[PDB]
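Down below is the structure, laid out as C-alpha cells.
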C-alpha cells in the first residue's frame, strides 16, 4: 500500500504531507523520471539543401522536393550492386554551386 | 471603407467645457437647448448615483431626436452600456411583453469582473522526488517533497511542491518534455501539451506540439471581462453541464427564451453585491434607449411604472413623434405623445425644434462631407430649397444619386443640373401624395 | 465610491411607516410624511399581517396619482421585514404565454406563503489534528480536536472517499454531517508548510471550535409553497424556479402539498408564515382575473392581498361595462378601501427636504420655496426630478449649494406635461396622428 496521505501538524505550528510508498517496487512506477533528447537532428536534403520535407522514402534518406526525390531514386540504382563507382560524387548535379564546397550525396 | 449610415456623422453633443452648446460641433447643428439638456443627462449617467430616472425626447419628425440619443452614447464611450430597442420589439412569440422589457433593463447594467490569479508554467525537466526515508515510524520509503523544474523562455527554476500533487500529476499523464499549467491557490496541474522543440518537421498529432511559452516561469495574470446582468441571468438559468443527459437533450429540443423569475434576479444581485464588497467586480450602470415608444401597449407602460421605480433600474431614454394620439391597447383613450399621462409624469421631457433653412443647408453640407461628396454652392442652395419645400431627410437622400449621375457624366462634383434631374426621377412623399389624386 | 447594485430609486428614502407604538402616525418619520389616516390604516393592516390568524383579507389603496400609494406599500414592506414574505408585482405581469392568468395568480398567491421547516441534525466539528489513509478496500484514521477534547476516529470506506474528494488535510477546520457524511470546510487554524513551493496562498485563519466534538442542533429552513409545488411538479422541476418553465402545475399536486404541510404543522415539523401579495396598478387585470381572485381569497392558505389603483369610474378590461376603480363590485365588496389625499404646501416641502437628504443635495430656503411652488403647480414627481438636475448644474459651475437660478435653468431645460402639451398644440400640424 502506497499511503496516499499522512498529515501530522507537529512542529511553528504547521501541516505537512508524508507519502510513504512501501513495497520498494511501487516507487519507480510512480516516479519513472525522464531524460529525453531536448532537440532532434536538423535534417537537410542532400540535393539542393534547405530543410527536409515529408520524410524519408520507403527506403533511404529524406528530401526537400520532387526533383530531389527523382535524383535520389535515380541514385541507389548505382549502389544496390554493393560495388561499383562512387554512387554520389556530384551525382546528377546535386545542387552544385559552392559558396562552401559540397561532398557527395551519399550520407546513407 | 466603413459603410455610411444615417447617423454616422454624429460624434458627440458638441458642448463647451461649461456645458453650453456650440452652434455646430461634433457633427450636430442646432438644437442647442436639447443638447444642453442631454449634457445634463450624460452627467447624470456618469454620476452613477441614480436609478430609473427617465427621459422623453419629443418633437416633430426629422428633428434629430434619434441622433441626440446616439450622441449621448458617443459622449459616454464604450465602457458604459447603451442598449437600443424599438417599442415594437416587445411583441415576442416566446416570452411575454414585460419579460422583454426586463431583459433589456438588465442588459443596460454592466459589470467588470477583475479576477486575478498567479501560476507557474514551462517545460517540465525533472519529475524528481525528494526523500527522507520514514514518516517518523514504521516505514518503507517516504518522499516528503516533489521537485518540479520548469523552464519556458526567460530562465529555469526548481519548485519543491507538496507531495500530494503526485496523484494529480500522473492523472494528467505528464512526462519530461511536456509543458504544464499549475495554479497557486489550488495546486491543480493541467497538461497543455509538449514543446515545439520535439516538433518542426514531425507533425501528425491532434494534441498539437504546443509551442514553448514566452515570458517568466512565474506569472501573475489579471483578467478583466465585461458582462451584463442579463448575461448572468441567462447563464445561471440553464443546466449547462454536459455530464447530464438533459443538457444534451436540450440540443435537440429548441432552446427557446423563458420567463426568468425574480428569485434568480435577487440571487444574482446578492452575489454581485458580494463581489463588489470583496473587490472582484465593478458596477457600470448604463442606458436603455426605447425609440418608437408609442408602439408599446398600455400594459407595457403600466409595467414601466413599477420598473422605473426600482433601485436597480438604469437610466431610460424614450423617443416619440406622435401628437395627441390614441394609446395602443385602449379603445378610445387619447393622450399626448401616444403615452399615458401617468408615465408622462415620471419622465423629464426634452423638446426638439424644427430646423431653419440655414441649419438644413449646414446639415446637408455635413452629410455631403461624410459621404465623400463634393457639391457646388448653387447645387447646395437648390438642395436646401428642396429640403425647405419637402423635408430635410429627403434632400439629404438625393446627394448620392446625384454624385453617381455626375460620375456617369465624367464630372467630379455635383452641379445644379444633376440635383434637378434627380428631383424629377425620384419623388417625395408629399409630391407623390398629390399625384395620387391624379392617378387615384 | 463603491457603487453597489442598489442606487437611489423613487422610494429609497422610505424605511417604514413612522408610527407610534399605538399606531398613531408621526408627521415625519422613517422617510414618510403626511397621509396620516392612510398610514394608520396601513399600520392596522400590518398588525393583521403580523398576527396571521385571518386568511385572505384584501385591501385597496386608492387616490389620485402622486399621493403615495406605492410609498405606503413600500413602507409596509420595509416595516414588515425580510423574514415574512412580501411578493410585489404589476397587474400586467400575469399575462404570460407560458401559463394562464389563473395559474399566474395562483403562483403569485403561493409565493407569498412561507413554510418554516425545522429538523434536528448531528454534526462533528473540529480542527483536524491528523489524518492517515493507507490506500492500496481503503482504510484510514482521523483525529479531531476542540479546545476541550480530542478523539481519534477509525474511518470507513465512504468517509475516506468523501475526505479524499474534498482533499481534507490537517490544520483544516471542518464540519461533518453525521447523517450522511457530507463534509464542509470552514477554514484553517494552522498555516501550510512554507517549505512547499508554489502552493503559497496566504488566506485567513479561523479559531478552533469549542466544546464537544459531536453536537446535536436544530436547523430551520424557509421555503414558499410555490417552491414546493415546482419541485414536486415534475422530475428535475427545480430548474423552473430559475428558468420559469412552471407551465400549469396540476391541482392534485397542490392538494397533496397542502395536506402534507397541514400534517407537518400538526406533527411539529413546520410553521406557516403567511405573507403579503401586492399588485400595483391592478386596473390592468381582466374580469376573469378578478373572478378568480373572488374564490382564491376564500382559501385558508390565502395571504393578505393589497392593491393600488387611481381610476375613478372606469371601464373594466375584457368588458364594455364601467365600475369604480376599474374593478367589479364583486371584489370591491370583499375588501376595505384606503384613501390617500393630495399633499399640502408643508408636506410637499418636507418631502423635498427628505429627498434632498437622500440624494446628498444642499439647497437654499429660497430654492426650497421655489421648488415647492413648482411642485404644487406642476407635480410632486417633476419637482423631485429637478433636484438632481439642479445639483448637477450647480456642480458644473463649481457651486456648493443649489440656488434659485439653477432651478430656473433646469425648469427651462426640462419640460413638464402641461407645457409640453401646450407647445405640442402649437406644432399640432407638425406632430403626427392627432
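Chains as they are written, first to last, in UniProt numbering: chain A, 210 to 220, 259 to 355; chain B, 12 to 451; chain C, 15 to 150, 156 to 453.
Each residue gets a CB set at the ideal place from its N, CA and C atoms; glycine is no exception.
Straight-line Cα distance separating residue j from residue i
i	j	result
residue 14 of chain B	residue 397 of chain B	26 Å
residue 141 of chain B	residue 202 of chain B	22 Å
residue 343 of chain A	residue 204 of chain B	42 Å
residue 16 of chain B	residue 22 of chain B	13 Å
residue 40 of chain B	residue 229 of chain B	56 Å
residue 235 of chain C	residue 354 of chain C	47 Å
residue 409 of chain C	residue 54 of chain B	12 Å
residue 49 of chain B	residue 293 of chain C	47 Å
residue 334 of chain B	residue 391 of chain C	30 Å
residue 106 of chain C	residue 311 of chain C	16 Å
residue 250 of chain C	residue 128 of chain C	15 Å
residue 325 of chain A	residue 341 of chain A	15 Å
residue 162 of chain B	residue 214 of chain A	29 Å
residue 323 of chain A	residue 287 of chain A	26 Å
residue 256 of chain B	residue 248 of chain C	24 Å
residue 86 of chain C	residue 25 of chain C	10 Å
residue 324 of chain B	residue 61 of chain B	9 Å
residue 95 of chain C	residue 59 of chain C	14 Å
residue 220 of chain B	residue 185 of chain B	14 Å
residue 324 of chain C	residue 69 of chain C	10 Å
residue 338 of chain B	residue 268 of chain C	35 Å
Under 7 Å by beta carbon: chain C residues contacting residue i
i	result
residue 357 of chain B	400
residue 210 of chain A	148, 149, 150
Closer than 9 Å at the beta carbon, the chain B residues around residue i
i	result
residue 269 of chain A	150, 151, 152
residue 430 of chain C	Neighbours of residue 430 of chain C on chain B: none; closest Cβ ~11 Å, over 9 Å.
residue 105 of chain C	310, 313, 314
Partners in chain C for residue i, counting only beta-carbon separations shorter than 8 Å
i	result
residue 264 of chain A	188
residue 272 of chain B	260, 261, 262, 263
Anticipated Cβ contact below 8 Å, residue i with residue j, distance rounded
i	j	result
residue 308 of chain A	residue 350 of chain A	In fact, because the Cβ distance is near 14 Å, the residues do not count as touching under 8 Å.
residue 304 of chain B	residue 329 of chain B	4 Å
residue 337 of chain C	residue 379 of chain C	Contact flag wrong, Cβ pair sits at about 47 Å.
residue 127 of chain B	residue 281 of chain B	That pair is no contact at about 23 Å.
residue 250 of chain B	residue 258 of chain C	6 Å
residue 141 of chain C	residue 208 of chain C	5 Å
residue 194 of chain C	residue 137 of chain C	5 Å
residue 347 of chain B	residue 440 of chain C	5 Å
Residue i: CB within 7 Å of a non-hydrogen atom of the ligand ATP
i	result
residue 383 of chain C	Annotation note on the ligand ATP: not contained in the displayed structure, which lists no ligands.
Where residue i meets chain B, residues with beta-carbon distance less than 8 Å
i	result
residue 298 of chain A	212
residue 214 of chain A	175
residue 163 of chain C	In chain order: nothing, as chain B lies at least about 20 Å away.
residue 298 of chain C	None at all; the shortest Cβ gap to chain B is about 10 Å.
Amino acids of chain C, ordered along the chain, whose beta-carbon sits closer than 9 Å to that of residue i
i	result
residue 131 of chain B	216, 217
Closer than 7 Å at the beta carbon, the chain A residues around residue i
i	result
residue 145 of chain C	214, 216
Amino acids of chain A, ordered along the chain, whose beta-carbon sits closer than 8 Å to that of residue i
i	result
residue 181 of chain B	277
residue 212 of chain C	261, 262, 263
Chain-ordered neighbours of residue i on chain B, where CB pairs are closer than 7 Å
i	result
residue 25 of chain C	320
residue 286 of chain A	208
residue 283 of chain A	187, 188
**Request:** Check whether the stretch 361-378 of chain B touches the stretch 66-80 of chain B, counting contact only when three or more Cβ pairs, one atom from each stretch, lie closer than 8 Å.
**Result:** yes
**Message:** Taking 8 Å as the cut-off, does the stretch 240-247 of chain B touch the stretch 108-125 of chain B (at least 3 CB pairs, one atom from each stretch)?
**Reply:** yes
**Prompt:** Counting only runs that start and end within the stretch 311-347 of chain A, where is the alpha helix (DSSP H) found for 4 or more residues in a row?
**Reply:** DSSP assignment within the stretch 311-347 of chain A yields the following whole alpha helix (DSSP H) runs of 4 residues or more, N-terminal first: 313-321.
**Message:** Below 8 Å, how does it come out for the stretch 348-365 of chain C and the stretch 110-126 of chain C: are there three or more Cβ pairs, yes or no?
**Reply:** By the Cβ criterion, the stretch 348-365 of chain C is not in contact with the stretch 110-126 of chain C, since fewer than three pairs of Cβ atoms, one from each stretch, lie closer than 8 Å.
**Segment contact, 8 Å Cβ cut-off, at least three pairs: the stretch 260-276 of chain B with the stretch 256-269 of chain C** = yes
**Item:** Given 8 Å, three or more beta-carbon pairs between the stretch 170-182 of chain B and the stretch 147-159 of chain B
**Value:** yes
**Asked** Does the stretch 300-315 of chain C come close enough to the stretch 306-314 of chain B to have 3 or more Cβ pairs within less than 8 Å?
**Response** yes
**Request:** Output the residue ranges of the beta strand (DSSP E) runs that lie fully inside the stretch 302-346 of chain B and measure 3 residues or longer, sorted by chain position.
**Result:** 326-331, 335-337
**Asked** In the stretch 372-435 of chain B, which residue ranges form an unbroken alpha helix (DSSP H) of at least 4 residues, counting only runs that do not cross its ends?
**Response** 388-400, 403-408, 410-419
**Prompt:** What are the uninterrupted segments assigned as alpha helix (DSSP H) that are 4 or more residues long and contained completely in the stretch 144-184 of chain B, given in chain order?
**Reply:** 176-182
**Item:** At least 3 beta-carbon pairs within less than 8 Å: the stretch 213-228 of chain C vs the stretch 173-188 of chain C
**Value:** no
**Request:** Spell out a yes or no on whether the stretch 23-32 of chain B and the stretch 71-86 of chain B are touching, meaning 3 or more CB-CB pairs, one atom from each, closer than 8 Å.
**Result:** yes
**Request:** Mind the definition here: the stretch 378-389 of chain B touches the stretch 400-413 of chain B only if three or more C-beta pairs lie below 8 Å; say whether that holds.
**Result:** yes
**Message:** To test your reading of the DSSP string, which unbroken alpha helix (DSSP H) runs of 4 or more residues are found completely within the stretch 184-258 of chain B?
**Reply:** 240-248
**Prompt:** Does the stretch 269-277 of chain A come within contact of the stretch 164-181 of chain C, defined as at least 3 CB pairs closer than 8 Å?
**Reply:** no
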